[PDB]
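Protein chains in written order, with the numbering used here: chain A, 1 to 115; chain B, 1 to 115.
Every residue, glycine too, gets a C-beta built ideally from N, C-alpha and C.
For reference, the structure discussed in these notes is given below.
2 protein chains.
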Amino acid sequence: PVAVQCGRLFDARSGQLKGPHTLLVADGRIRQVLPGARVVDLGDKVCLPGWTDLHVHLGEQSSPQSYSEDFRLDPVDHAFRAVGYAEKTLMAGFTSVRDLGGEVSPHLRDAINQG
Amino acid sequence: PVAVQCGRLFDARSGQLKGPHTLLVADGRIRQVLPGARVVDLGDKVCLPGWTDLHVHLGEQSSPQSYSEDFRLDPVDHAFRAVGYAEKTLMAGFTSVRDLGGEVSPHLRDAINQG
């Protein structure tokens, strides 16, 4: 049960920035948004929900050697690179993505969901 | 029957440069080498036998896009390029070549021999 302390809350539904707020997190879900249990301090930070990227290709990245690469590399190499690509995407603030092509993402999703 | 007039003859067998000479050409072969019939003047030129290149690949040429090209191009394109490559080779003084790899040269040789 971790209580997160935020100096400023962004209301996605309306589109306005509210004042200080306290979020109660339990069981992986948000329980209470009481304005104002381990404590997390973010007093000097603007609090926002996680971002979603509705168009990504986590199995690949463009390079000067991209086109010649489609006959030399196996999907295992693409998975080994997608590990780092997914970590980079998560650290940038995007907690969800929609992948729009490639047969490694269904396996990457299964691996991520299993921890 | 064309008589070629040469100011200086190179003797390949011995390796020395001789003096003026007259070659008699008939039936695609050399008949007489009399020292001295249509006449060809090369008085200011050193005459030498045709050259041979014992290692060529007339079906290809190296380029920055060479490796990515092995999955996109068909042998017909390679033949169309080998036409110009063979003309360039012949004009440089090489009347014979030994080709050491590629399945277009046996067809190029047949085409050249047929005229």
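Not a single C-beta of chain B is nearer than 8 Å to the C-beta of A:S62. A:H78 sits buried, since 16 or more C-beta atoms from the chains shown fall within 10 Å of its C-beta. Taking C-beta atoms as the reference points, A:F94 and A:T52 count as a pair closer than 8 Å. Residues are counted here when their Cβ sits less than 7 Å from a Cβ of chain B; for the segment 44-73 of chain A these are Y67, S68, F71, given in chain order. Straight-line spacing of the CA atoms in B:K18 and B:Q32 works out to 16 Å. The Cβ neighbour count for A:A92, taken over all protein chains shown within 10 Å, is under 16; the residue is labelled exposed. Every unbroken stretch of the beta strand (DSSP E) spanning 3 or more residues and falling wholly within the segment 67-105 of chain B is given here in chain order: 94-99. In the DSSP annotation of this structure, the continuous segment of the beta strand (DSSP E) that includes A:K45 starts and ends at 38-47. The C-beta distance from B:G43 to B:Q5 rounds to 6 Å, short enough to fall under 8 Å. Sequence-distant Cβ neighbours of A:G59 in its own chain, meaning closer than 7 Å and more than five residues away, are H78, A82, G102, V104, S105. Counting only the Cα atoms, A:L108 lies some 21 Å from A:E69. Bounds of any beta strand (DSSP E) do not take in B:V33, whose DSSP letter is neither H nor E. Per the C-alpha coordinates, the member of A:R8, A:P64, A:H57, A:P35 positioned closest to A:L48 is A:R8. Excluding its 5 nearest sequence neighbours in each direction, A:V46 has C-beta neighbours in its own chain below 6 Å: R8, listed in chain order.
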